[PDB]
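Can you keep this structure in mind? I'll have questions shortly.
Here the chain labels run A, B, C, D, E, F, G, H, I and J in written order, and each chain numbers its own residues starting at 1.
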């Protein structure tokens, strides 16, 4: 499992409510507690529930010094389109990376080779670029965005309190 | 060059103004004069001029027993989205295939490995599934949709008039 | 990721409060909603919280037609020993599989090659033997046993309600 | 596809109405807008229409700072012979390269391995030696020489007007 | 056979009645006459006879400047557990190494690949880290702990009396 | 050397003063004494002396039941062209094969890889399709067409008079 | 380790006080409890103690339905010689196999590649041809012939009393 | 074909009417127009006509600054023997190389693998050690020694008169 | 060593005072006691002593039902020539095989790769085609022809008197 | 053949009537005329005739500055045993090397892979460590010890009298 491994090098276009398109690299994921969530496709049939539940928790997550990135094999262009032409996804303030080359979906071992889409997986990365938590559910079973603040806290506690885990 | 070669096997989701999403295979390209045009990405910055110029010519092309397929590595979901949330692309009546697996873009050797997007290429396929014409321009140089009806006619003439090409 | 894949063939000794040691195979995960949780080592320094939290939820999980299996690369012998010589782990009523061969830990891609121990991963398997949910946290970050009943329900819902996921 | 790639190194004999035979290299395709057109064989049965159509457009193309090269796997000797012993091809003023080694036809991936002849392909190359347009038709389907001035212009426009393509 | 070969590099956790867990390397086996005994599993059904018989002989073995190490693929945690929750094994004063990685069991070619357990093998190593005696019996056939003092003596004699073996 | 070997399979277009273009195979080489002569290129600068000298001897050679084939990597089209637009080569009555695929020049190991042209080689083949004589001179050194009637005679004599060669 | 493996096929000459030279195969090892002991070389400097100690125990071992074989890479000729020209080895009544081909020494992985001699190893084989016990000591450390009757008994007990090993 | 290639390195014993045996290397071929003729075997049944015809032309060839070498896989010993015990071959004044190693016959690709003899081949080498002419006839068809002076002249003319070959 | 191996298949031309040239196969070497002697080269500087000494012993060897074959990589042609143009070798009545292909010299492992000549080796072959004696001396050390009658007798004796060799 | 090759490196134990066991290397074979004779096995059934006939010739051989070495894959221990417990072999005064590793028998290409014994081969080595004579007979055909003095003489003569071999 990628648990405990370090994020591999990548470069991709992203969109964020506010700033116009900008590049992103393995670097941005280093130096801060980043949490990236993957999802099938933009403009999909399934309701963007997962994505916005995260938006709600975003306010708080930022306080904990955490950054949030959503990823799908769609182009950053459609991410913007989706963001505008939809109230739900329009409330998202965090970063939306586009992975049309499939490279970053593939590196997190979450790309479904035959559909060309990513799986519902969420990763939590420590300031060192190391994966500390992995959650991948099948289409239908939802990811509870609330349990995130707990995990990142727990992750951060153990970060400067080794062995004190009981 | 793929000129004169036979279309390779593929299976993909498509969208068409009217019918709700449906599957498509190498078969669909066999039995009729089909002309498929590839393009970078949906919701892109470049104006969908190419796509709709083809829509104009669509009326007549259908009379000649020709079918038209647009292809991009976008999901059929976004194709629909784009089709609705845009007047220009909304006039498109022909088939819109989605190639997120990249397989069909790759088989026509028109996939840009590093960007994960297709090139501006247009192919004309005879009822046997053989490529009779190839046109690939760089971003900026436009593809003239009018010269299409001429090519397909020429292609069809030669089809049952071998050697009579002067 | 193993999400959506089918559980691989395995044969191992298990212990369960009540029945004396018995064998278990891939088939015992087929036909029923099974949820297997992996952990580092028995008699470890870290408190068996995770394991017992699941014991609490066990009552209800059984109602839902779900079976629970704990796994570590320890021998079933030590699982029993631990079970007896400890009040905490002694409350566990579900199955305790022993994976000294490391085969099953390896098949779920959760075995740490160099330490010879398993990672904190929990999987949810549908009656067909397919993995529908994966959660792997690092030492320290705890797995919330409560969010299990929700996932299994969600999993069960979509089971006989395809596409109805909004 | 070779779209966007750089012309490969080659050295060949050429003939041009006026100057007596002279050598040519990839260097002659750099610094200037060059457009090279491939054809089956000299003295072939099919009428040299395509070649001369281009002759007509030659006048103007030169104004745009564009050079024209015709290529076939024939020797430059026969190019000259053809040029003299035929009124039609005799009107040609642009360069006629001979590719008996098949190397340049092969490098543009336009050589038909088993017949040893080139396909009807036309390429447009920017002053940097990069392919910006590709058009390959089957025997019978003609290449419209007129749409060339448009393509080169469009190519030239985008050359110093990046992104301005709408 | 490993007879006459040098002990390979390894690092593992060990437990010893008295000192709390400590690391051990191939270095602890050089410099002194060490005798390591492997066994299936802790808390096993078979009576720990073998292990304790060696405990008896331990008193004298120490006099001869010999150290004793017991090894099983169990974790040092369970070694301690076993040591406490059992009168028999509780009499053991020598070192108890844990080989969950299986690396040291594998290096002495005594690991049963399919069961993930070690074979009943006892090795005698001279102060140079070279194996001078090997004894591996099947489950059931016991290893006579008494014949140890004789072998180490014999080994020690020949150590400083080459060829004098008659 | 190919001396004594059997002519390999080939299919090519040929031209002959009189008959309009026709196909030729390694089989047209079996059943009769055939003599094939290779040359650089048609319409070349070097005077077609060699080719016509053979034309002179052709009258007689036919009496001996010998057939003559000229070969160059040129297309049969240009062979015809050359034959008409030149008095010298116009006197040629024997077969003129075209080898634009280079396959037959390559099979007689007489093709100059880098120039894509054939060497000045003349071969004599017995009714069985076996090479009995090989003569390859460099550009400049001429092949004496007269010494051919003697070689074919000698060849034919030995044909039905084994060992009688003194 | 070869523990639990089956004896590999071999054919060799043997000598036994009484019967004149005779052949031996793996087959002789099957159907009876056989115990084979390897040793360096005949007429060696080291006293044949080991071999004769076994002779003493031979009387009893035969009662237990056990056969004994001594093996060295010497020829059966010298085994005979040694047996005659020496009082000590002359008391030996069991079989003396000769392994000059080194194949049987090699098969029991007891052959010292560079000296071409066997190591001091003793194996116990059940009636099925499977190795149940292995003892290999270095030159100097002696093998206790007495502990043999115990091992074979234990081996035989467990033979028809599986699991009853406590 | 070896036409235009450079003679490969070799060292062999030779005999020449007058000088007693002496060595020969590639070098002797360099700096002068050398013409080497291969033949089956010395003392063969076929009359040495070919060899002596060359002897006749030798007088003049020397005037042209040409050297002549005969080669067969025979030893230089038998070349001398043949030279003496035969009037015909005794008239030979040029060099007679012996190729029992077969290396030089093999390098000129003129060695018949199965018979171990050379083919009737004659080569003309320019002062640079490059092959300018090749003639290989089958047993029976004779090589005309007269046409040699013409070829060497032609070869020499073109040597200092490039392109002037018409 | 080839001692005891069977003569491998070969076919070669031979010469024998009396019969004109004839073929020979590994078949001739069976059914009779044959003794083949190899030597460097015919017409060599070293005196044919060895060959003729064997001729002297020929008379008697024939009585013993033995045939004699001389072999050198020379052609059977030169063997005859040498036989006639020399009193010494002219006395030879036995078979003289020629091995220009080097195959038979090579099969007896007596061919000197770099000189292309055979070594001074003599072999004795039983009627079954098996090598029973091998003698190879360096240039200078002579082979004693007299010791042959003894060897073949000894060979013949043991042939029908197994083990009676003392 | 190893004729003319140089003895390869080896190190072995030897025994000689008088001196107690001592080492020997490819060194002892240089600097003097050494003659090594191989034989099957010590204490063999065949009478040691060959070995002692050499003993008789030993006296003289030493005069010629020749040393004698007997070799068998037996251990030097058995060589001594044989030497004492047998009148015949007891007369041997030359060196008796033991080759249990089979390396020296193997280097002289005289080891019978399947029996693990050497062939009856005798080699004569010049002071440079080069093999000058090879004689290998089958079991039964004897090696004549007398012909040795002649060979070494002949060998020595040619040693300082090159070419004088007639």
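Just so it is clear, contacts are C-beta pairs under 8 Å (C-beta built on N, C-alpha and C of every residue); 3 or more make two chains touch, one makes a residue touch a chain.
Protein names from UniProt, one per chain: A, B, C, D, E, F, G, H, I, J = Alkyl hydroperoxide reductase C.
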For subunit E placed onto subunit J, the superposition rotation in degrees, Cα atoms, nearest 5: 70
CA centroid of subunit H to CA centroid of subunit I, Å: 34
Subunit B and subunit J: spacing of chain centres that average the CA atoms, whole Å: 87
Interchain centroid distance [CA atoms averaged], subunit F/subunit I, Å: 50
For subunit J, residues that touch 2 or more chains besides their own: 45
Chain contact topology (line, ring, star, complete or other): ring
Chains listed in ring sequence, where subunit B comes first and subunit D follows it: B, D, F, H, I, J, G, E, C, A
Residue ranges of subunit A in contact with subunit C within the complex: 1, 3-4, 45-47, 49, 109-110, 112, 119, 121, 124, 132-142, 144, 147, 150-151, 154-155, 157-158, 163, 165-166
Residues of subunit D touching subunit F in the complex: 41-45, 73-75, 77-78, 80-82, 85, 99-103, 114-117
